[PDB]
Amino acid sequence: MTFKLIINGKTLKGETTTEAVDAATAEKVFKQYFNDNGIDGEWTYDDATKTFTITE
């Protein structure tokens, strides 16, 4: 299970992706990834393709 964090904002524009030991294991970590960036907006996890997208 590979997750991808996409930041949709003029302030910060980036994209990353990687695999982990487990879906939930990476889901709990990927949540803190952007947490450090302090990105304020609509943060949600796309259960569809396990993709994390944010909309400021």
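Amide H contacts for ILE7 (H built 1.01 Å from N in the peptide plane; partners 5 or more residues away or on another chain; cut-off under 5 Å): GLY14.
The gain in end-to-end length when the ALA20 to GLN32 segment is fully stretched comes to 2.9 nm, 0.36 nm per residue minus the alpha carbon separation. Annotation: extensible slack from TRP43 through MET1 equals 13.2 nm (criterion: 0.36 nm per residue apart, minus Cα-Cα distance).
Axis angle, to the nearest 10 degrees, between helix 23-33 and the longest C-alpha principal axis of the chain: 20 degrees. Remark on the chain: hydrodynamic radius 11.4 angstrom, per the Kirkwood mean of 1/r across alpha carbon pairs. Near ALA26, once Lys and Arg are set to +1 and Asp and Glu to -1 for all other residues with Cβ below 12 Å from its Cβ, the sum equals +1.
Just so you know, all these numbers are worked out from the coordinates, no wet-lab data involved. Every residue, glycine as well, gets a Cβ built from its backbone with ideal geometry; the counts of neighbours run over all protein chains shown.
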